[PDB]
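S.K.:
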Amino acid sequence: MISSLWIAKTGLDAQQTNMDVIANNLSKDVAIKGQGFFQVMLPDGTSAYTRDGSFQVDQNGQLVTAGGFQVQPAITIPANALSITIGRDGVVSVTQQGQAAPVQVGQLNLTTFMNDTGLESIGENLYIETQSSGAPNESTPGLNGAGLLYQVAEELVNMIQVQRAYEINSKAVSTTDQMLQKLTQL
Amino acid sequence: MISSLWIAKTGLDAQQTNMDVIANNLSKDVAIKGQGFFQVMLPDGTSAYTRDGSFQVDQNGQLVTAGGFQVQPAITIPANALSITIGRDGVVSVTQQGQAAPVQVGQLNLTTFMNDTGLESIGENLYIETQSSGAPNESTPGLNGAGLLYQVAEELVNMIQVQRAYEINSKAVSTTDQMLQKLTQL
Amino acid sequence: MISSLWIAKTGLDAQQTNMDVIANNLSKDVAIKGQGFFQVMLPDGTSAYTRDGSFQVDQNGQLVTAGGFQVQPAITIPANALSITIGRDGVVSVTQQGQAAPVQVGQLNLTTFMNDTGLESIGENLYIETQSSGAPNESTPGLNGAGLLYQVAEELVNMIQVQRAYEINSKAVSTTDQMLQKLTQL
Amino acid sequence: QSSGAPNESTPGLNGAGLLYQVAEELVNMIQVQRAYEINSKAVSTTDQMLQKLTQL
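Chains as they are written, first to last, in our numbering: chain A, 913 to 1098; chain B, 913 to 1098; chain C, 913 to 1098; chain D, 3 to 58.
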């Protein structure tokens, strides 16, 4: 019985989890068509990975975001000139004030892991490597492992049903307990 | 009387069991349309069987799951290339970076038992062979014994009624005992 | 009572089934005006039957579909020439690069069964012959048994009502049980 | 692999002809889209039914 309670409980817990997961579903912008993650570093120098393509050039040049974080390895962008572009391969090229158009101002690197499941979620769809994930393997878009850069309610349904399930589960448990109490004592 | 108590007891026990059973009822995904189980091995090398189709390719190639467990016998998957497919027969074919499309990278094997009842439940719908089950017989989907890969509340009702039953049972027992006590002594 | 429960249960089960069935209701394209099924074979060589007219010519000529499956018996199509046509009788004729217009490149065969009910559903409106169905009888469109090739919510209503029915059924059962419990003990 | 290898030729020869020199879908989509709406409706009722049933 207690076990049953546990059993019900566990299921109920799942149901909530499922629903929650269900809930969790339903300026330069670069997207990765296929597999791979962009590699990113914090001010500490720790490396992190993310599919999120949104970047802004901050005060410092280095590919800095809304926060200021730059990109690796040896390639920054601290000028005005004309514009800049990110090619399909990830090469960054620009037209500039210093009267030149550089190619490969820097080229973005991409990473892949043996198991994505292993990755530890920092939040904001940023992830960190773990023992389980395996080490990151680096490459560039359009070569080897990586493709080129390109340029829900059902869950809710689930969650509702799953959520419902626990409600059922509780119901069953209660009855028994009542039964027990009724039984106690015959 | 004690016997009756036992009798009631046994029934009551069943009732709980029934209810519990009642409770127990009500990324590549492959399903088995007909009979058969997928064959799976742990890190120890022990073999287990399961209908559950959910698999993920882990860091190692071998059909590894959320845990990392691979699949038998001689067929893994440690690359990126393009994609991969599992045919109806269980053959795994892929399109790859190593400029080739392999067929039968490996073919999944299926197992059947003389009596499924005999199988010992590990949990998570995974089962192990026993003396009672008989040895696993191996085959492939779409041949011989096995069909191709394809691509509740009533219990509650029962349980409630069954649960109720014991409550009745206890009631009967109590009365007698009371009767006995009343009888004691006349 | 238990029987009644069963009775209710059975009805309830049906109600769901009915609703479900209710749910289940509401490039060359060839349609069969009257009776008959197209005959089709898998890579294994097993024969299957379907009314579905949709076919595509795959890389191999043989009437291959989105999958590649061809058609029987002796008639393929592996060329470009101009076009191709399927006559009312099922004859396939083409205009071709090999400077000829063939007639009866091949002619499609149609099959009929003593009882369609017997047919076993593979899915995707494809069926396989069974003992119950009887053997397929072959013919061509426009001859004998077969006509020439040509060139719902109510269910929902039902389902809802039927679904409702079980709800009623359960209600009745519950009352009795309550009655019993009330009765127990008077 | 599925496509097969490309076979090459020139326009006007063999396999290739010379170089020369919708809403219905919408209709479909709307109806099809509608369909799921129906589908959901059916499901909900049953669940409600179940809940109503639970417990009788």
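Don't be surprised by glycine CBs; every beta carbon is placed ideally from N, CA and C.
Strictly under 8 Å for the Cβ-Cβ distance: is residue 913(B) near chain A by that measure?
M.R.: With 8 Å as the cut-off, residue 913(B) does not count as an interface residue toward chain A.
S.K.: Between the region 1006-1034 of chain A and chain B, which residues of the former have a C-beta closer than 9 Å to a C-beta of the latter?
M.R.: Listed in sequence order: 1024, 1025, 1026, 1027, 1028, 1029, 1030.
S.K.: Relative to the C-alpha of residue 1036(B), which candidate in 1000(B), 962(B), 933(B), 1084(B) has its C-alpha closest?
M.R.: Measuring from the Cα of residue 1036(B), the nearest candidate turns out to be 962(B).
S.K.: Any Cβ of chain D within less than 8 Å of the Cβ of residue 1072(C)?
M.R.: So yes, residue 1072(C) belongs to the interface.
S.K.: Measuring CB to CB, does residue 923(B) end up less than 8 Å from residue 1077(B)?
M.R.: For residue 923(B) and residue 1077(B), yes; Cβs fall inside 8 Å.
S.K.: I need the straight-line Cα distance from residue 1038(A) to residue 953(C), nearest angstrom please.
M.R.: Approximately 49 Å between the Cα atoms of the pair.
S.K.: Quick check: the region 1082-1089 of chain B against the region 957-971 of chain B, are at least 3 beta-carbon pairs closer than 8 Å?
M.R.: Contact between the region 957-971 of chain B and the region 1082-1089 of chain B is absent, because fewer than three Cβ pairs lie under 8 Å.
S.K.: Report the option in 993(C), 1024(C), 998(C) whose CA atom is closest to the CA atom of residue 1009(C).
M.R.: When each option's Cα is compared against that of residue 1009(C), the closest is 993(C).
S.K.: Label residue 916(C) either buried or exposed according to how many other C-beta atoms from any shown protein chain fall within 10 Å of its C-beta, with 16 as the threshold for buried.
M.R.: Answer is exposed; the Cβ neighbour count stays below 16.
S.K.: May I ask you to report which of helix, strand or coil DSSP gives residue 945(C)?
M.R.: Reduced to three states, the DSSP call for residue 945(C) is coil.
S.K.: Let me know the secondary structure DSSP gives residue 987(C) once reduced to three states.
M.R.: Here residue 987(C) sits in coil by DSSP.
S.K.: So, for residue 1003(A): in the same chain, excluding its five sequence neighbours on each side, which residues have a beta-carbon less than 6 Å away from its beta-carbon?
M.R.: Answer for residue 1003(A): 1016, 1019, listed in chain order.
S.K.: Could you give the residue range of the beta strand (DSSP E) that holds residue 1035(C)?
M.R.: Taken as a continuous stretch (DSSP letters only), the beta strand (DSSP E) holding residue 1035(C) covers 1032-1035.
S.K.: Across which residues does DSSP place residue 1022(B) in a beta bridge pair?
M.R.: Note: residue 1022(B) sits in a beta bridge opposite 950(B), 1051(B).
S.K.: Closest to residue 996(C) by CA distance: which of 977(C), 1007(C), 927(C), 976(C) is it?
M.R.: Answer by Cα proximity: 1007(C).
S.K.: Under 8 Å between C-beta atoms, does residue 1069(B) make it to chain C?
M.R.: For residue 1069(B), the answer is yes, since a Cβ of chain C falls inside 8 Å of its Cβ.
S.K.: So which residues on chain B does residue 55(D) lean against when the C-beta distance must stay under 8 Å?
M.R.: Near residue 55(D) (Cβ distances below 8 Å), the residues of chain B are 1065.
S.K.: Taking 8 Å as the CB-CB cut-off, is residue 52(D) touching chain B?
M.R.: It does; some Cβ of chain B falls within 8 Å.
S.K.: Name the one or two DSSP bridge partners that residue 962(C) has.
M.R.: In the DSSP output, where bridge partners are listed per residue, residue 962(C) has 950(C).
S.K.: Consult DSSP for residue 56(D) and reduce its assignment to one of helix, strand or coil.
M.R.: Coil, per DSSP.
S.K.: May I ask you to report which of helix, strand or coil DSSP gives residue 1078(A)?
M.R.: In the structure shown, residue 1078(A) sits in a helix (DSSP, three-state: H, G or I).
S.K.: Do you know how far the Cα of residue 930(B) is from the Cα of residue 1046(B)?
M.R.: Cα to Cα, the separation comes out at about 27 Å.
S.K.: Chain B partners of residue 1098(A), CB-CB under 7 Å?
M.R.: Those are 1082, 1083, 1085, 1086, listed as they occur along chain B.
S.K.: So residue 971(B) packs on residue 1026(A), CB below 8 Å; how close in whole Å?
M.R.: Sure, about 2 Å apart at Cβ, within 8 Å.
S.K.: Classify residue 978(A) as buried or exposed, calling it buried when 16 or more other Cβ atoms lie within 10 Å of its own Cβ.
M.R.: Exposed: under 16 other Cβ atoms inside 10 Å.
S.K.: Are the CB atoms of residue 44(D) and residue 1068(C) nearer to each other than 8 Å?
M.R.: Yes. Within cutoff.
S.K.: Could you spell out where the alpha helix (DSSP H) holding residue 916(B) opens and where it closes?
M.R.: Segment 914-935, the alpha helix (DSSP H) holding residue 916(B).
S.K.: Less than 8 Å between the CB atoms is what I'm expecting for residue 1022(C) and residue 1053(C), so what's the real figure, rounded?
M.R.: So it is a contact: roughly 6 Å between Cβ atoms.
S.K.: Under a three-way DSSP split, which group does residue 1005(A) fall into?
M.R.: Correct three-state label for residue 1005(A): strand.
S.K.: Does residue 16(D) pass the burial test, meaning 16 or more other C-beta atoms within 10 Å, or should it be called exposed?
M.R.: By the 10 Å Cβ count, residue 16(D) comes out exposed.
S.K.: Assuming residue 983(C) and residue 965(C) form a contact by the criterion Cβ under 8 Å, report the distance between their Cβ atoms to the nearest whole angstrom.
M.R.: With a Cβ gap of about 12 Å, residue 983(C) and residue 965(C) do not count as contacting.
S.K.: Is DSSP giving residue 1029(B) helix, strand or coil here?
M.R.: The answer is helix: DSSP assigns residue 1029(B) an H, G or I state.
S.K.: Along chain D, which residues have their Cβ under 9 Å away from the Cβ of residue 982(C)?
M.R.: Here the premise fails: no neighbours, minimum Cβ distance about 15 Å.
S.K.: Just how far apart, CA to CA, sit residue 1082(C) and residue 1075(B)?
M.R.: Their Cα atoms are separated by approximately 17 Å.
S.K.: Skipping 5 residues on each side, what residues in its chain have a beta carbon closer than 7 Å to that of residue 939(C)?
M.R.: Counting only Cβ-Cβ distances below 7 Å, and skipping sequence neighbours, we find 966, 968.
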